[PDB]
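Residue numbers (this note's numbering), protein chains in the order written: chain A, 549 to 685; chain B, 7 to 105; chain C, 2 to 98; chain D, 5 to 53; chain E, 131 to 252; chain F, 70 to 155; chain G, 3 to 118; chain H, 347 to 462.
The structure appears below as structure tokens.
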Amino acid sequence: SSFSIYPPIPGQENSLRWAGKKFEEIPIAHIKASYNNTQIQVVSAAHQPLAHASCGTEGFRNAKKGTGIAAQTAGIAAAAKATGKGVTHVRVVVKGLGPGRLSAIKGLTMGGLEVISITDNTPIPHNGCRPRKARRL
Amino acid sequence: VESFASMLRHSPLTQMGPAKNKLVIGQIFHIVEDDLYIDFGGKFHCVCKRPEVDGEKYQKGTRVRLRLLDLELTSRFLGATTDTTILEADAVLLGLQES
Amino acid sequence: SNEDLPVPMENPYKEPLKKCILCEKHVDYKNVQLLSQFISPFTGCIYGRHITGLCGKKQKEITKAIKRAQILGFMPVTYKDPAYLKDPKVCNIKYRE
Amino acid sequence: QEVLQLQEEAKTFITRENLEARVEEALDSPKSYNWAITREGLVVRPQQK
Amino acid sequence: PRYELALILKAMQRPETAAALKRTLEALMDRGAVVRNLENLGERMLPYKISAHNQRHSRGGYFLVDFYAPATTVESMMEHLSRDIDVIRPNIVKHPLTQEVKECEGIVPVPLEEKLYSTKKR
Amino acid sequence: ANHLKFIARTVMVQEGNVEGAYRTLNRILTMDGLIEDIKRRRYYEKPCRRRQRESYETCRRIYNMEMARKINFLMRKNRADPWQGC
Amino acid sequence: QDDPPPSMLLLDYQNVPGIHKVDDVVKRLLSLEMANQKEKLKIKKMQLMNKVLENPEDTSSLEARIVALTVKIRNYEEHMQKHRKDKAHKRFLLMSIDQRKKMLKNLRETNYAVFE
Amino acid sequence: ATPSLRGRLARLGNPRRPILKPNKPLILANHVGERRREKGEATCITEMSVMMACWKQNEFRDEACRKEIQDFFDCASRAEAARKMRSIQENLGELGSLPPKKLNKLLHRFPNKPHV
RNA sequence: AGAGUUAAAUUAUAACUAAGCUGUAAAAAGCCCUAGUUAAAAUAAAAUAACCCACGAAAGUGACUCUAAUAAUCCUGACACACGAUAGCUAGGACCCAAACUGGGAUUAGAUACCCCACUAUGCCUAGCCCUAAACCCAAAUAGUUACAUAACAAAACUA
Ligand SMILES: [Mg+2]
Ligand SMILES: [Mg+2]
Ligand SMILES: [Mg+2]
Ligand SMILES: [Mg+2]
Ligand SMILES: [Mg+2]
Ligand SMILES: [Mg+2]
Ligand SMILES: [Mg+2]
Ligand SMILES: [Mg+2]
Ligand SMILES: [Mg+2]
Ligand SMILES: [Mg+2]
Ligand SMILES: [Mg+2]
Ligand SMILES: [Mg+2]
Ligand SMILES: [Mg+2]
Ligand SMILES: [Mg+2]
Ligand SMILES: [Mg+2]
Ligand SMILES: [Mg+2]
Ligand SMILES: [Mg+2]
Ligand SMILES: [Mg+2]
Ligand SMILES: [Mg+2]
Ligand SMILES: [Zn+2]
């Protein structure tokens with residue numbers, strides 16, 4: 549059972565299949581986990597949005613959507629909407645650091661989606677645009 | 007009358023030179039439940055652990071073989087004028103007077 | 002009059018100084034395979050001295066070569082090339098535990 | 005010695021007459037500078053594959 | 131070798147690569163420089179998608195051009211190569227062989243710094 | 070953006086294990102220093118504060134390394150005292 | 003202003019035998035055409051010392067130091083004619099001029115004919 | 347390894363600009379810091395979620411699903427046992443590391459020498 | 001000091017999906033020409049390497065390449081000469097982003113403050129000024145010593 553955590557880059561001749569599809573055809577689930585909200589959008593390999601569900605759309609409120617349960621419910625709703633269109637495996641791409649980071653990821657599993665790979669795509673500027681000033685002057 | 011320099015030049019420690027990876031013969035003078043105080047004879051006494059093989063054969067006065075690592079463990083730290091002597095030596099157990 | 006007195010001579014037991022892995026070597030900006038061994042496969046960070054173990058010159062030379070290659074178009078910045086991913090491990094950093 | 009060393013290299017330089025031959029020779033003779041290292045300090049090359 | 135040119139040409143056919151190399155070397159010789167050798171590094175996948183000449187390039191051929199040129203024509207060669215549509219990214223640097231490999235002496239043991247504070251009793 | 074996707078910071082789960090895959094990815098990020106950098110870049114820090122933070126971190130790291138080295142050196146003397154009652 | 007030929011066959015490859023027997027490529031590579039500004043500075047210093055000084059071997063002499071600093075002063079003026087906003091090189095040129103003036107005063111106080 | 351300290355502080359013999367500015371003098375103390383209390387985290391959250399799933403799906407009745415009710419109690423009992431026994435076991439032994447009470451006494455045996 | 005280049009992020013700009021996005025301890029205001037994904041110039045800045053301590057007289061400098069180049073056969077020495085962070089002024093250009101000020105939203109008895117949103121001068125480039133800092137490492141420059149000797153703290157005491 550030689551298993552490597554590195555992704556199966558299409559340039560190689562690897563033979564790994566999930567539900568009969570290759571790694572390049574498996575849909576993507578972008579989870580933007582902000583400090584006040586968590587937006588989950590399920591798109592296909594052709595970059596076609598299939599399921600979209602966020603904490604704000606889940607009937608929450610200003611401070612109600614900042615908790616991890618909001619991310620879990622948004623993930624459950626996104627998983628239900630994606631399974632309504634007939635998907636089994638999905639690749640989770642996490643964007644940003646927030647309280648609802650792992651809760652949103654586990655929400656898909658709770659709602660009935662299998663996670664095969666987790667990719668951390670967090671915007672890291674190489675000292676680009678100047679961010680806002682520090683709080684608590 | 008033999009001189010101190012003359013006897014030091016012929017001392018076994020002078021012939022040994024560096025204390026790195028040198029085979030020496032020591033004699034155990036104190037016994038603990040799991041630790042053995044072996045006096046290799048240079049300056050201090052090293053502390054070793056009783057091995058699983060022939061553990062009962064290690065008694066007080068038993069002679070053993072050692073591979074000496076350091077003659078005296080001293081090191082410097084932050085704000086320390088002098089070194090921190092461990093009052094011991096670093097050595098490992100190989101056998102018990104194989105003859 | 003004593004012939005057994007110590008003589009002020011050099012130390013005969015002086016051990017050779019430890020060398021960096023690239024000691025007396027040539028570092029280049031075109032050997033992407035060599036340059037990738039010092040970068041993280043997942044993030045692409047350049048490992049420091051405590052991870053690599055290089056003496057004072059080669060660490061800076063490797064850093065400069067990596068920075069030059071990342072901009073000249075020879076080595077990716079965001080990740081390590083999967084072609085060179087199967088290279089022998091020279092760093093002393095372990096991620097998976 | 006430097007002048008003599010450069011004299012030998014002057015024969016292999018690229019000129020107007022040798023431009024066409026050198027272009028074709030380069031287009032058919034690839035070169036690689038990739039070589040890795042080990043913990044012992046020995047060089048390894050992928051050309052043995 | 132004095133200067134080194136890392137020529138990233140657009141991935142094209144064999145005759146077009148030959149013509150591009152011929153004209154690039156002719157332009158380099160016209161500026162007063164003699165080309166020492168021409169080394170081809172092969173056609174590899176580009177590390178990143180390079181945008182040049184209003185074209186998105188995913189592949190490219192690498193070439194190594196070592197030559198001797200005066201210090202005044204480096205900018206003229208750079209400007210000439212900047213406007214070439216068949217060049218993805220031209221770069222002129224100093225050849226690595228002109229810098230002698232000095233003696234990498236090794237890891238000299240640096241002792242712990244002392245006498246940074248007074249002997250006052252705490 | 071210009072680089073190929075699903076290559077950097079990508080962890081493949083094994084046997085459907087997601088909780089441990091997330092922990093492995095977080096350990097990757099912490100050891101690469103991405104978590105601290107992201108938390109620091111949320112609000113801009115002035116160079117005067119950056120120099121103070123760097124100096125404080127360097128001093129703390131040196132002190133911790135020296136304390137750990139001394140603890141490891143003195144670990145030998147943790148054995149039971151054979152000369153009790155002397 | 004001095005006009006060093008681009009084909010001067012600079013000093014590092016000038017006193018060795020067999021320089022004129024090789025083909026044109028070797029001479030062109032070993033000449034000032036492919037050289038940097040430091041080689042031209044060395045050539046100018048050698049040419050100025052061979053004509054102004056009386057003992058080219060006496061480098062520690064005040065006149066030799068004055069000639070060496072004059073070469074650097076001319077180079078700094080040439081650099082300044084191109085770079086107007088460069089302040090470090092302007093400071094270098096001004097302090098080199100001050101040092102040359104101090105050495106000229108010392109030479110005038112010590113040996114008047116050499117100073118003149 | 348330990349980062350270098352030469353040329354870091356501001357001293358009379360140091361010619362360069364100081365690199366490190368110590369908040370307090372870098373003297374190795376004779377006692378280590380006491381282990382900061384590891385704030386306890388909520389347990390059996392996953393078990394409670396699947397327990398409340400039965401209530402949400404079956405309109406809040408325990409007669410529909412029973413295993414999701416019994417496993418929640420088992421998790422609560424295991425968490426209580428872990429809170430009780432480990433709070434003593436970890437304070438008694440820390441495997442590789444030593445307790446701070448033993449570390450302080452060990453350091454007092456071989457303290458630092460700032461003076462003399 | 002000049003010339004050339006951009007790896008990440010961000011944005012003007014188009015396409016699919018949703019009614020929400022941002023915002024805090026909690027809210028409100030603001031934006032719903034909004035948000036998520038796929039592509040995308042210009043401007044600004046230059047993650048890790050840096051646990052490195054180098055260059056420069058100082059201020060200051062660490063994305064890359066090329067050119068010029070870093071005084072003194074080396075004492076101290078001005079009111080003379082030349083520089084001199086950020087902030088500010090003038091003329092032109094640029095403006096993603098941040099933000100004085102200002103206008104709204106919270107808390108406050110009051111809040112013309114600390115919390116949130118929008119925006120200006122400004123931070124950017126060229127040329128010309130202003131010549132100020134906790135310009136501090138509060139320890140002057142040049143060649144030295146570990147002799148006598150702890151007001152206190154702090155970076156030990158001192159010579160010509
Ligand atoms: Mg203030
Ligand atoms: Mg300096
Ligand atoms: Mg203080
Ligand atoms: Mg300019
Ligand atoms: Mg970009
Ligand atoms: Mg615009
Ligand atoms: Mg509102
Ligand atoms: Mg950078
Ligand atoms: Mg100098
Ligand atoms: Mg002076
Ligand atoms: Mg203006
Ligand atoms: Mg703002
Ligand atoms: Mg107001
Ligand atoms: Mg503005
Ligand atoms: Mg300004
Ligand atoms: Mg100013
Ligand atoms: Mg300052
Ligand atoms: Mg003052
Ligand atoms: Mg003075
Ligand atoms: Zn080395």
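Ideal Cβ positions, reconstructed from N, Cα and C, are used throughout, including at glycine.
| query | Smallest Cα separation from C603 of chain A: which of A:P597, A:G614, A:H595, A:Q596? | reply | Distances from the CA of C603 of chain A to each of A:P597, A:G614, A:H595, A:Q596 were compared; the closest alpha carbon is that of A:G614.
| Amino acids of chain H, ordered along the chain, whose beta-carbon sits closer than 9 Å to that of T88 of chain B | One finds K459, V462 in chain H with Cβ atoms closer than 9 Å to the Cβ of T88 of chain B, taken in chain order.
| task | Going by CA-CA distance only, name the one from A:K654, A:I672, A:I617 that's closest to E88 of chain F. | result | The shortest C-alpha separation from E88 of chain F is found at A:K654.
| task | Scan the segment 42-77 of chain B and note each continuous beta strand (DSSP E) run of 3 residues or more that stays entirely inside, going in chain order. | result | Secondary structure remark: continuous beta strand (DSSP E) runs of at least 3 residues inside the segment 42-77 of chain B, in chain order: 52-55, 69-76.
| said: For ligand 8, I want to know if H22 of chain G counts as a neighbour, meaning its beta carbon is within less than 6 Å of at least one of the ligand's heavy atoms. | reply: Flag unset: Cβ of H22 of chain G not near ligand 8.
| field | CA nearest to the CA of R680 of chain A, picked from F:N86, F:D101, F:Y112 | value | Looking at the Cα atoms, F:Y112 is the closest of the given residues.
| task | Following the continuous alpha helix (DSSP H) through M82 of chain G, name the residue where it begins and the one where it ends. | result | Counting along the chain, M82 of chain G sits inside the alpha helix (DSSP H) bounded by residues 64-84.
| Bridge partners - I237 of chain E, DSSP secondary structure assignment | According to DSSP, which records beta bridges pairwise, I237 of chain E is partnered with C:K19.
| Taking 7 Å as the CB-CB limit, is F608 of chain A close to chain F? | No, its Cβ sits nowhere closer than 7 Å to a Cβ of chain F.
| In chain C, what lies closer than 9 Å to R110 of chain F by C-beta? | Within chain C, no C-beta atom comes less than 9 Å from the C-beta of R110 of chain F; the nearest is roughly 15 Å away.
| Any idea what DSSP makes of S602 of chain A, helix, strand or coil? | Note: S602 of chain A maps to strand in three-state DSSP.
| query | Is the beta carbon of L72 of chain B sitting closer than 7 Å to the one on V7 of chain B? | reply | With contacts defined as CB atoms closer than 7 Å, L72 of chain B and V7 of chain B fail to qualify as a contacting pair.
| task | Could you list which residues in chain H have their beta carbon closer than 8 Å to that of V240 of chain E, in chain order? | result | Chain-ordered, the chain H residues with CB closer than 8 Å to the CB of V240 of chain E read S350, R352.
| field | 8 Å Cβ shell around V78 of chain C - same chain, five flanking residues per side excluded | value | Sequence-distant Cβ neighbours of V78 of chain C in its own chain, meaning closer than 8 Å and more than five residues away, are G45, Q71.
| Within the 7 Å Cβ cut-off, does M36 of chain G reach chain E? | So yes, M36 of chain G belongs to the interface.
| task | State whether the segment 213-229 of chain E contacts the segment 45-60 of chain C, with contact taken as three or more CB pairs (one from each stretch) at a distance under 8 Å. | result | No, the segment 213-229 of chain E is not in contact with the segment 45-60 of chain C.
| What does a CB cutoff of less than 6 Å around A627 of chain A pick up in its chain, not counting 5 residues either side in sequence? | Hits under 6 Å: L656, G659, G660, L661.
| Three-state secondary structure assigned by DSSP to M175 of chain E | Secondary structure at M175 of chain E: strand, using DSSP grouped into helix, strand and coil.
| task | Return the CA-CA distance between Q39 of chain G and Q560 of chain A, expressed in angstroms with no decimal places. | result | When rounded, the distance between both Cα atoms is 52 Å.
| request: State the DSSP-derived secondary structure class of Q5 of chain D, mapped to helix, strand or coil. | output: When secondary structure is reduced to three states using DSSP, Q5 of chain D falls in the coil class, being assigned neither helix nor strand.
| field | Cutoff 7 Å: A14 of chain D Cβ touching any chain G Cβ | value | Interface residue, yes.
| said: Between E:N221, E:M159, E:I138, E:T202, which has its C-alpha nearest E21 of chain D's C-alpha? | reply: For the residues E:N221, E:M159, E:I138, E:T202, the minimum Cα distance to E21 of chain D belongs to E:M159.
| query | So, using beta-carbon positions, are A652 of chain A and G623 of chain A closer together than 7 Å? | reply | Against a cut-off of 7 Å, the Cβ pair of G623 of chain A and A652 of chain A comes out as a contact.
| said: Let's see if you can read the secondary structure: which residues bound the alpha helix (DSSP H) around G660 of chain A? | reply: Element bounds for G660 of chain A: n/a, residue is neither H nor E.
| field | Given 8 Å, three or more beta-carbon pairs between the segment 350-369 of chain H and the segment 135-142 of chain F | value | Contact annotation: the segment 350-369 of chain H does not touch the segment 135-142 of chain F, with fewer than three C-beta pairs closer than 8 Å.
| said: Strictly below 7 Å CB to CB, what residues from chain E border residue 506 of chain H? | reply: Residue 506 of chain H lies beyond the range of chain H shown here (347 to 462); nothing can be said about it.
| Assigned secondary structure, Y198 of chain E (DSSP; H/G/I helix, E/B strand, else coil) | DSSP places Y198 of chain E in strand when its eight states are reduced to three.
| Reduced DSSP category for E104 of chain B - H, G, I as helix; E, B as strand; rest coil | Here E104 of chain B sits in coil by DSSP.
| request: Say whether chain F places a C-beta atom closer than 7 Å to the C-beta of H36 of chain B. | output: Output row for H36 of chain B: interface = yes.
| field | Buried versus exposed, by CB contacts within 10 Å (16 or more), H16 of chain B | value | The residue in question, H16 of chain B, is exposed, as its Cβ has fewer than 16 Cβ neighbours within 10 Å.
| said: I'd like to know if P368 of chain H contacts chain E, where contact means its C-beta is closer than 7 Å to some C-beta of that chain. | reply: Not closer than 7 Å to any Cβ of chain E, the Cβ of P368 of chain H fails to qualify, so no.
| request: Kindly indicate which residue of B:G48, B:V70, B:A86 has the alpha-carbon position closest to the one of residue 2 of chain B. | output: The structure shown does not extend to residue 2 of chain B, since chain B spans only 7 to 105, so no value can be given for it.
| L29 of chain B bridges to which residues according to DSSP? | Looking at the DSSP assignment, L29 of chain B forms a beta bridge with B:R73.
| Boundaries of the alpha helix (DSSP H) in which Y114 of chain G is found, first to last residue | Note, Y114 of chain G: alpha helix (DSSP H), 114-117.
| C-alpha distance - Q49 of chain G paired with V91 of chain C, whole-angstrom precision | Cα to Cα, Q49 of chain G sits roughly 55 Å from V91 of chain C.
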